[PDB]
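Below is one structure, written out as structure tokens; the observations come after it.
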Amino acid sequence: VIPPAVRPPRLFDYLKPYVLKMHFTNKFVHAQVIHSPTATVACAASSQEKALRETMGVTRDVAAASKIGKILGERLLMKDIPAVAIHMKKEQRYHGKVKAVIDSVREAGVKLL
Amino acid sequence: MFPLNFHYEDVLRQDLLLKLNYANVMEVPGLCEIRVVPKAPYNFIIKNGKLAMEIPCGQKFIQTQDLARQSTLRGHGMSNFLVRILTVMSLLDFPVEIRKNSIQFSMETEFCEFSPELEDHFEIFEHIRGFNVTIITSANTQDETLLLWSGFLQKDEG
Amino acid sequence: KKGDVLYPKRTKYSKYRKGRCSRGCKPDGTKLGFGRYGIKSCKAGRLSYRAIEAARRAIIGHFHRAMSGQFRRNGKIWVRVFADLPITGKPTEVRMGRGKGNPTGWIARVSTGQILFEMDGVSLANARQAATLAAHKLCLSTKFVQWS
Amino acid sequence: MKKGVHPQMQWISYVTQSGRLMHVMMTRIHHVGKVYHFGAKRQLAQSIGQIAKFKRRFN
Amino acid sequence: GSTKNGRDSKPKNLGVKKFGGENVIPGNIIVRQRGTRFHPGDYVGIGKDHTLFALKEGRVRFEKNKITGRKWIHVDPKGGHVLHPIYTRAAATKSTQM
Amino acid sequence: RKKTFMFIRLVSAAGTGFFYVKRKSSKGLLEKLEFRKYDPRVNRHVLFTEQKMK
Amino acid sequence: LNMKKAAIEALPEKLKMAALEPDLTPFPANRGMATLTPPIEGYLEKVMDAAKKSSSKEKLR
Amino acid sequence: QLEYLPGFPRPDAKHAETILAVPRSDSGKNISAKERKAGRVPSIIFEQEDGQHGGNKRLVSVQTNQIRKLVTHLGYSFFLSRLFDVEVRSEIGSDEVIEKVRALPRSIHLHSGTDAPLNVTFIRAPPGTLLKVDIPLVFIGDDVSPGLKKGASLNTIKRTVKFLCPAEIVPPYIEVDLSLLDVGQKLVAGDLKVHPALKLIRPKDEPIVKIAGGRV
RNA sequence: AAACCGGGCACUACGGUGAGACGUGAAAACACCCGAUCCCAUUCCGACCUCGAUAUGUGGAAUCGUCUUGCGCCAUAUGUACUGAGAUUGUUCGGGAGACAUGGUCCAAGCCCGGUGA
RNA sequence: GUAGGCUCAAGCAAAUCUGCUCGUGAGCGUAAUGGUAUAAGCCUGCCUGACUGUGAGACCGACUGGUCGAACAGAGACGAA
Ligand SMILES: [K+]
Ligand SMILES: [K+]
Ligand SMILES: [Mg+2]
Ligand SMILES: [Mg+2]
Ligand SMILES: [Mg+2]
């Protein structure tokens, strides 16, 4: 079969403009919060950063992704974004590093929409 | 540590680099999997047919919709199965067939007759037609497969 | 095909609407597809499968008598028109409406510029005279066309 | 590999025709592991021809 | 002689009820159809027989996908988009305070 | 004329007499239906047991 | 492999076309395989002698 | 090297006429029917370089008697694989020559019932331009063929071959020799003796003519 | 600092999707090469996915480039079919395909993180 | 009903698994038509929203009458959400 192109979730009543997107490589972990109307990066946290890639030993595993999620949640709460909506890619399930990032953000205190 | 894959990595890889034209060291053929499937006319019901498959493979088979039975062997289990069959191969002249990338072997009851560990409990394997054993290799050419099998089939006789 | 008389072995539906056939042209011109000579139509109308078979039989019987021996089958014929529309009909002494009548035969819709027949492997004069003989069995006006 | 689904294994020893030792795994059907020696049991069979059969008698 | 064919069914009145650029208020039925000939877009809901209706007061816009040929119907809202009440409670309070 | 189905009453076991009218086939079964459904006269989900239609 | 590729290019023409031919002769079956124990010295010839003493004479039909 | 090689056919000097045209001011069936009633065939001259934005087109009308004479004398396919001189003047009998150019007849439209010309198309082919030309075939040597002598019949699979041709050396026709074909064999599109600068558009393993055995 | 390169998001059929040939792994990035102990995967299997590990190997599979190209897609004819109004029993005025033919595969382009520049 | 997972049919190579072409041609109890690929299809776990009282606004129309539906209150099922 030919895989059809993915669409963003349908607008129903309210906008919900902040979208959390995650990415994991062999060496680092990245997480971004995107503002949908302007198509800009509102917030970001990754283990590739200059202020983060030396303060943690392992930059690739579940513990590193959980630390990155905690940092991103505190950055969102100081940049005043009370809630985010999670976007999951073609192969990501609620398991492992994705689960660590989501639970770290929720324990940091961001509501999930 | 183990004789079969150690022998492959230490002897056959260098000689297969030297014998053929290769652009890289990752183009060397290797060893992927072993697929064992019983011969066509059989019972589907008796416990002998299930046990005579579970014993020489070492892992549970799959029985799909009851008309098909299969076992796939990968990794160190595949290496143990291969080093058993290649050792028992040295007591006779069992025919094999070389396809484009794989080796076909016929696992008859006369094989388990000569297997020294299966001399006992032979009534399991009695009244069984046999199996078909497939050895899949990552080979581009039938001649690469033939060279690889001729390397792997070693004895101290001759 | 069905040997001589040409109609489909089976159809999707037994009875078809009448439709219209008095109009229609080839909007791009016409050229021969297989043969060197051919017969094409100048008008548009209907032809029955019996008329098409009679015309084909006339051409092959003219070649049969003009050329014998090993050249007897050197003439080749292509029939490019096919009759696949059943026509119906009610018998005598019947009133108007109790459904639709039984099928009686098959027709072909012919447009202006449609090539009915194609000929190869013969002489120019034999082809012209076979076209002359075949056009006397068809109700439509035909022309002899030549490859160029 | 799933758990609670496959047979147990056991270690047995093979001795080749030259006396070389080799350790392998096998499905556990014995109480203790054993050592199995390999011989030259090739069992190659040959049949004589008709001229050979003729010469075995009439000469 | 006897025919066996005299049956038909009552008309169903399908089709597009609100074309492109039409002004709709919430609850209005846009397209009544058998199967999703048109797929729902923004602010357009769908019923159990694939009837498309409008959820916000606005103007009907159509959309076509160029590769696959799929079609969507959106409604452009009259006053623009509305943000979530959690943002209006928190971020708009801090927006007024800053 | 012959009907292949019949109607039954799922009766509330709370004793309020509230019943649902359901439908089952007449080909043959032995397991009497029971469900956990809403009884509005007691405002709680209770157990409903099949009884024959009168 | 890089050094072999460099070695094939420092040859004359016909000598290079000869040495570009792939080797397809199969491996020898009499070369050994490594294992956990070296061969016993008085084992293999003993097994061969026993096998030929068994295969001596002809079996009765 | 842009000249016909020896041993090759050349365009004839008998049919080397010049085509006279006058400008046409509009497109459509109204003005087309008016020009046809007046006795002229509508036409357009265009170039290759800009397929979009028209293509430097000029709308003209040519003389029906001349065009019908050319098509009848040459043949339909032979008229389409030969270059011509086109001379566009402001009026018939005028000397105000607007454009003289060397052009290829890209297509001609004939009525399917009456075969009168309805439209002629001209594409500017000065030297140095590449065209897709459909060249007719001419079959010779059918009296020498042993297969045809033995009573076999001829199966002409293809009549025209499509080539990519520079303008200067477009062949009028391709001579195909049937002297040395016996029963059973066929000629493919790779056996055509053409100029080496012509590229065959169709694959070379395409049959052209096969001599098949007769009904014994 | 302003340019270039790598990764993620965003724009998009002239920006799509296949095939062939030639290259590329910058002190960095991506992927593979290795393993199956815990999480997960398999109605058998680390094949897929997942989880661990890799001072430096390889671009064999994928990923990036350059050209050739096949379908598509975009733009544009000329002519014909068909058609709205009108009866010189359609002598007028308008619209205009399909299939051919000709060219192209553009231009422009935002946010963040990392590196070289600094 | 819900949550999670999976992707058919046909052709070719090996001659029922594994890979390549193609794209709705498989399935959706039941006729035909329209629809459908991280599903509306197939599997597994748990369930009974196959609830109670209402309903802005529309689509059919001689009338009797029929269809879609955001949302409100009570009690619940599945899901980390
Ligand atoms: K279920
Ligand atoms: K509610
Ligand atoms: Mg016009
Ligand atoms: Mg067009
Ligand atoms: Mg799901």
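In the structure tokens, each chain is lettered A, B, ... as it comes, each chain's residues begin at 1, and ligands are numbered from 1 in order of appearance.
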**Request:** Dump the neighbourhood of ligand 3 as a ChimeraX atom specification: all residues within 12 Å, distances computed on only C-alpha atoms (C1' of nucleotides) and all ligand atoms.
**Result:** /H:26-32 /I:77-79,94-97
Could you give me, as a PDB file with C-alpha atoms (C1' of nucleotides), in the first residue's frame, every polymer residue with an atom at most 9 Å away from an atom of ligand 4, counting only C-alpha atoms (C1' of nucleotides) and all ligand atoms?
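For reference, pocket-v8.pdb as written:
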```pdb
ATOM      1  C1'   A I  97     -12.641  20.116 -25.420  1.00  0.00           C
ATOM      2  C1'   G I  98     -10.425  14.831 -25.682  1.00  0.00           C
ATOM      3  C1'   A I  99      -6.374  12.984 -28.512  1.00  0.00           C
ATOM      4  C1'   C I 100      -2.050  15.367 -31.101  1.00  0.00           C
TER       5        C I 100
END
```
**Message:** Within 12 Å of ligand 1 (counting only C-alpha atoms (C1' of nucleotides) and all ligand atoms), which residues show up? I'd like them as a VMD selection string.
**Reply:** chain J and resid 1 to 4 42 to 48 78
**Message:** Taking only C-alpha atoms (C1' of nucleotides) and all ligand atoms into account, which residues have an atom no farther than 9 Å from ligand 2? I'd like them as a list in words.
**Reply:** residues 72, 73 and 74 of chain J
**Request:** Tell me which protein, DNA and RNA residues are within 8 Å of stretch 20-30 of chain D, counting only C-alpha atoms (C1' of nucleotides), leaving out same-chain ones fewer than 2 positions away, and put them as an MDAnalysis selection string.
**Result:** (chainID B and resid 3 55:58 80 84) or (chainID D and resid 7:18 32:33) or (chainID G and resid 35:40)
**Members of chain A assigned alpha helix (DSSP H) by DSSP, as a PyMOL selection string** = chain A and resi 62-78+97-108
**Asked** Can you list, as a list in words, every protein, DNA or RNA residue that comes within 8 Å of stretch 8-11 of chain J when you count only C-alpha atoms (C1' of nucleotides), leaving out same-chain residues fewer than 6 positions away?
**Response** residues 21, 25, 26 and 27 of chain J
**Item:** Distance query stretch 102-107 of chain A at most 9 Å, only C-alpha atoms (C1' of nucleotides), self and fewer than 6 positions along chain excluded, as an MDAnalysis selection string
**Value:** (chainID A and resid 65:74 86 94) or (chainID J and resid 80)
I need the residues from that last selection saved to file as a PDB file, in the first residue's frame (with N, CA and C atoms (P, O5', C5', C4', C3', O3' and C1' of nucleotides)), if you can.
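Everything below was put into selection-v2.pdb:
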```
ATOM      1  N   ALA A  65      16.918  11.403  28.780  1.00  0.00           N
ATOM      2  CA  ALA A  65      15.664  11.931  28.251  1.00  0.00           C
ATOM      3  C   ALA A  65      14.754  12.451  29.360  1.00  0.00           C
ATOM      4  N   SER A  66      14.755  11.802  30.524  1.00  0.00           N
ATOM      5  CA  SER A  66      13.976  12.300  31.652  1.00  0.00           C
ATOM      6  C   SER A  66      14.515  13.616  32.200  1.00  0.00           C
ATOM      7  N   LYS A  67      15.840  13.761  32.289  1.00  0.00           N
ATOM      8  CA  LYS A  67      16.415  15.040  32.699  1.00  0.00           C
ATOM      9  C   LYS A  67      16.067  16.144  31.711  1.00  0.00           C
ATOM     10  N   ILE A  68      16.127  15.832  30.413  1.00  0.00           N
ATOM     11  CA  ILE A  68      15.789  16.808  29.382  1.00  0.00           C
ATOM     12  C   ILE A  68      14.324  17.215  29.484  1.00  0.00           C
ATOM     13  N   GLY A  69      13.442  16.253  29.766  1.00  0.00           N
ATOM     14  CA  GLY A  69      12.042  16.575  29.976  1.00  0.00           C
ATOM     15  C   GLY A  69      11.799  17.471  31.172  1.00  0.00           C
ATOM     16  N   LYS A  70      12.505  17.222  32.278  1.00  0.00           N
ATOM     17  CA  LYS A  70      12.384  18.082  33.456  1.00  0.00           C
ATOM     18  C   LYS A  70      12.859  19.506  33.170  1.00  0.00           C
ATOM     19  N   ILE A  71      13.990  19.638  32.469  1.00  0.00           N
ATOM     20  CA  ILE A  71      14.513  20.955  32.109  1.00  0.00           C
ATOM     21  C   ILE A  71      13.539  21.690  31.195  1.00  0.00           C
ATOM     22  N   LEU A  72      12.977  20.986  30.210  1.00  0.00           N
ATOM     23  CA  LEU A  72      12.020  21.598  29.294  1.00  0.00           C
ATOM     24  C   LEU A  72      10.745  22.024  30.006  1.00  0.00           C
ATOM     25  N   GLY A  73      10.279  21.232  30.971  1.00  0.00           N
ATOM     26  CA  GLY A  73       9.102  21.624  31.731  1.00  0.00           C
ATOM     27  C   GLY A  73       9.325  22.872  32.561  1.00  0.00           C
ATOM     28  N   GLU A  74      10.493  22.977  33.199  1.00  0.00           N
ATOM     29  CA  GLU A  74      10.775  24.188  33.964  1.00  0.00           C
ATOM     30  C   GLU A  74      10.980  25.405  33.066  1.00  0.00           C
ATOM     31  N   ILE A  86       0.770  17.003  22.772  1.00  0.00           N
ATOM     32  CA  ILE A  86       1.859  16.111  22.384  1.00  0.00           C
ATOM     33  C   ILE A  86       1.607  15.568  20.985  1.00  0.00           C
ATOM     34  N   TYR A  94       4.028   5.164  23.533  1.00  0.00           N
ATOM     35  CA  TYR A  94       4.207   5.632  24.906  1.00  0.00           C
ATOM     36  C   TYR A  94       5.045   4.600  25.649  1.00  0.00           C
TER      37      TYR A  94
ATOM     38  P     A J  80      -3.759   2.735  30.928  1.00  0.00           P
ATOM     39  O5'   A J  80      -3.645   4.187  31.564  1.00  0.00           O
ATOM     40  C5'   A J  80      -3.208   4.374  32.901  1.00  0.00           C
ATOM     41  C4'   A J  80      -2.499   5.693  33.070  1.00  0.00           C
ATOM     42  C3'   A J  80      -3.247   6.927  32.603  1.00  0.00           C
ATOM     43  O3'   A J  80      -4.177   7.397  33.559  1.00  0.00           O
ATOM     44  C1'   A J  80      -1.031   6.999  31.803  1.00  0.00           C
TER      45        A J  80
END
```
**Item:** atom CA of residue B:22 to atom CA of residue B:139, straight-line distance in Å
**Value:**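 Answer for the atom CA of residue B:139 to atom CA of residue B:22 separation: 12.5 Å.
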**8 Å contacts from chain H to chain I using only C-alpha atoms (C1' of nucleotides), as a ChimeraX atom specification** = /H:43-44,48-55,106,109,118-119,121
**Request:** Figure out the distance between atom CA of residue E:19 and atom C1' of residue J:59, please, to one decimal in Å.
**Result:**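 For atom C1' of residue J:59 relative to atom CA of residue E:19, the distance reads 14.7 Å.
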**Request:** In Å, rounded to a single decimal, give me how far atom CA of residue E:41 is from atom CA of residue A:8.
**Result:** 10.7 Å
**Prompt:** Counting only C-alpha atoms (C1' of nucleotides), what is within 10 Å of residue A:1, bar same-chain residues fewer than 3 positions away, as a ChimeraX atom specification?
**Reply:** /A:4 /J:7-8,22-24,37
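With only C-alpha atoms (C1' of nucleotides) as the atoms that count, the residue of I:85, I:112, I:41, I:34 with the shortest distance to chain A is I:112.
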Give the strand (DSSP E) residues of chain E, as assigned by DSSP on the backbone, as a PDB file with N, CA and C atoms, in the first residue's frame.
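Okay, part-v1.pdb is ready:
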```
ATOM      1  N   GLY E  15     -26.584  15.591  -1.917  1.00  0.00           N
ATOM      2  CA  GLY E  15     -25.891  16.670  -2.588  1.00  0.00           C
ATOM      3  C   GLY E  15     -25.358  17.693  -1.612  1.00  0.00           C
ATOM      4  N   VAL E  16     -24.816  18.769  -2.169  1.00  0.00           N
ATOM      5  CA  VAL E  16     -24.222  19.844  -1.387  1.00  0.00           C
ATOM      6  C   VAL E  16     -25.295  20.881  -1.099  1.00  0.00           C
ATOM      7  N   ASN E  23     -22.348  31.565   3.918  1.00  0.00           N
ATOM      8  CA  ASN E  23     -22.318  31.904   5.331  1.00  0.00           C
ATOM      9  C   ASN E  23     -23.185  30.931   6.114  1.00  0.00           C
ATOM     10  N   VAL E  24     -22.598  30.305   7.134  1.00  0.00           N
ATOM     11  CA  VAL E  24     -23.267  29.280   7.924  1.00  0.00           C
ATOM     12  C   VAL E  24     -23.244  29.676   9.393  1.00  0.00           C
ATOM     13  N   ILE E  29     -26.359  21.910   8.101  1.00  0.00           N
ATOM     14  CA  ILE E  29     -25.891  20.764   7.336  1.00  0.00           C
ATOM     15  C   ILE E  29     -25.276  21.270   6.042  1.00  0.00           C
ATOM     16  N   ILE E  30     -24.069  20.801   5.730  1.00  0.00           N
ATOM     17  CA  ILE E  30     -23.357  21.259   4.543  1.00  0.00           C
ATOM     18  C   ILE E  30     -23.550  20.275   3.401  1.00  0.00           C
ATOM     19  N   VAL E  31     -23.145  19.025   3.603  1.00  0.00           N
ATOM     20  CA  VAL E  31     -23.203  17.998   2.571  1.00  0.00           C
ATOM     21  C   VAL E  31     -23.886  16.775   3.153  1.00  0.00           C
ATOM     22  N   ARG E  32     -24.902  16.278   2.463  1.00  0.00           N
ATOM     23  CA  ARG E  32     -25.539  15.018   2.805  1.00  0.00           C
ATOM     24  C   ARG E  32     -25.171  13.985   1.748  1.00  0.00           C
ATOM     25  N   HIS E  39     -14.382  14.821   3.097  1.00  0.00           N
ATOM     26  CA  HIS E  39     -13.942  14.530   4.448  1.00  0.00           C
ATOM     27  C   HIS E  39     -14.066  15.774   5.317  1.00  0.00           C
ATOM     28  N   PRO E  40     -14.283  15.626   6.622  1.00  0.00           N
ATOM     29  CA  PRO E  40     -14.429  16.812   7.471  1.00  0.00           C
ATOM     30  C   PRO E  40     -13.115  17.549   7.646  1.00  0.00           C
ATOM     31  N   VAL E  44     -15.827  21.466  11.330  1.00  0.00           N
ATOM     32  CA  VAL E  44     -16.869  20.736  10.622  1.00  0.00           C
ATOM     33  C   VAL E  44     -16.958  19.348  11.236  1.00  0.00           C
ATOM     34  N   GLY E  45     -18.119  19.016  11.792  1.00  0.00           N
ATOM     35  CA  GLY E  45     -18.336  17.714  12.379  1.00  0.00           C
ATOM     36  C   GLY E  45     -19.043  16.768  11.429  1.00  0.00           C
ATOM     37  N   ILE E  46     -19.082  15.497  11.821  1.00  0.00           N
ATOM     38  CA  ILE E  46     -19.609  14.434  10.974  1.00  0.00           C
ATOM     39  C   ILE E  46     -20.564  13.568  11.791  1.00  0.00           C
ATOM     40  N   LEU E  52     -22.022  16.002   6.930  1.00  0.00           N
ATOM     41  CA  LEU E  52     -21.122  17.040   7.409  1.00  0.00           C
ATOM     42  C   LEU E  52     -21.927  18.246   7.856  1.00  0.00           C
ATOM     43  N   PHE E  53     -21.629  18.752   9.044  1.00  0.00           N
ATOM     44  CA  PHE E  53     -22.300  19.938   9.549  1.00  0.00           C
ATOM     45  C   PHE E  53     -21.278  20.894  10.143  1.00  0.00           C
ATOM     46  N   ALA E  54     -21.715  22.121  10.390  1.00  0.00           N
ATOM     47  CA  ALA E  54     -20.826  23.181  10.831  1.00  0.00           C
ATOM     48  C   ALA E  54     -20.914  23.373  12.336  1.00  0.00           C
ATOM     49  N   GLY E  58     -19.348  30.954  10.284  1.00  0.00           N
ATOM     50  CA  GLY E  58     -18.324  31.407   9.365  1.00  0.00           C
ATOM     51  C   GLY E  58     -18.652  31.209   7.902  1.00  0.00           C
ATOM     52  N   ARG E  59     -17.629  30.987   7.086  1.00  0.00           N
ATOM     53  CA  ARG E  59     -17.797  30.830   5.648  1.00  0.00           C
ATOM     54  C   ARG E  59     -17.190  29.518   5.175  1.00  0.00           C
ATOM     55  N   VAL E  60     -17.907  28.823   4.300  1.00  0.00           N
ATOM     56  CA  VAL E  60     -17.514  27.488   3.865  1.00  0.00           C
ATOM     57  C   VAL E  60     -16.418  27.606   2.816  1.00  0.00           C
ATOM     58  N   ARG E  61     -15.294  26.939   3.054  1.00  0.00           N
ATOM     59  CA  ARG E  61     -14.193  26.871   2.107  1.00  0.00           C
ATOM     60  C   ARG E  61     -13.941  25.411   1.774  1.00  0.00           C
ATOM     61  N   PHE E  62     -13.693  25.120   0.509  1.00  0.00           N
ATOM     62  CA  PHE E  62     -13.357  23.766   0.109  1.00  0.00           C
ATOM     63  C   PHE E  62     -11.847  23.629  -0.044  1.00  0.00           C
ATOM     64  N   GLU E  63     -11.384  22.384  -0.057  1.00  0.00           N
ATOM     65  CA  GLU E  63      -9.969  22.092  -0.219  1.00  0.00           C
ATOM     66  C   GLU E  63      -9.839  20.794  -0.991  1.00  0.00           C
ATOM     67  N   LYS E  64      -8.831  20.712  -1.852  1.00  0.00           N
ATOM     68  CA  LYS E  64      -8.528  19.495  -2.587  1.00  0.00           C
ATOM     69  C   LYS E  64      -7.057  19.154  -2.412  1.00  0.00           C
ATOM     70  N   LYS E  71     -10.891  15.319  -0.937  1.00  0.00           N
ATOM     71  CA  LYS E  71     -11.511  16.626  -0.779  1.00  0.00           C
ATOM     72  C   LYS E  71     -11.931  16.842   0.665  1.00  0.00           C
ATOM     73  N   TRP E  72     -11.754  18.070   1.146  1.00  0.00           N
ATOM     74  CA  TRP E  72     -12.094  18.464   2.506  1.00  0.00           C
ATOM     75  C   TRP E  72     -12.953  19.716   2.466  1.00  0.00           C
ATOM     76  N   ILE E  73     -13.724  19.931   3.527  1.00  0.00           N
ATOM     77  CA  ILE E  73     -14.519  21.142   3.688  1.00  0.00           C
ATOM     78  C   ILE E  73     -14.189  21.751   5.038  1.00  0.00           C
ATOM     79  N   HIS E  74     -13.684  22.980   5.030  1.00  0.00           N
ATOM     80  CA  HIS E  74     -13.424  23.734   6.244  1.00  0.00           C
ATOM     81  C   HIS E  74     -14.427  24.868   6.371  1.00  0.00           C
ATOM     82  N   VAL E  75     -14.545  25.399   7.579  1.00  0.00           N
ATOM     83  CA  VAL E  75     -15.318  26.608   7.827  1.00  0.00           C
ATOM     84  C   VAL E  75     -14.372  27.638   8.416  1.00  0.00           C
ATOM     85  N   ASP E  76     -14.197  28.748   7.715  1.00  0.00           N
ATOM     86  CA  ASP E  76     -13.418  29.854   8.244  1.00  0.00           C
ATOM     87  C   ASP E  76     -14.265  30.612   9.254  1.00  0.00           C
ATOM     88  N   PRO E  77     -13.863  30.670  10.521  1.00  0.00           N
ATOM     89  CA  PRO E  77     -14.689  31.334  11.529  1.00  0.00           C
ATOM     90  C   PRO E  77     -14.727  32.838  11.328  1.00  0.00           C
TER      91      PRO E  77
END
```
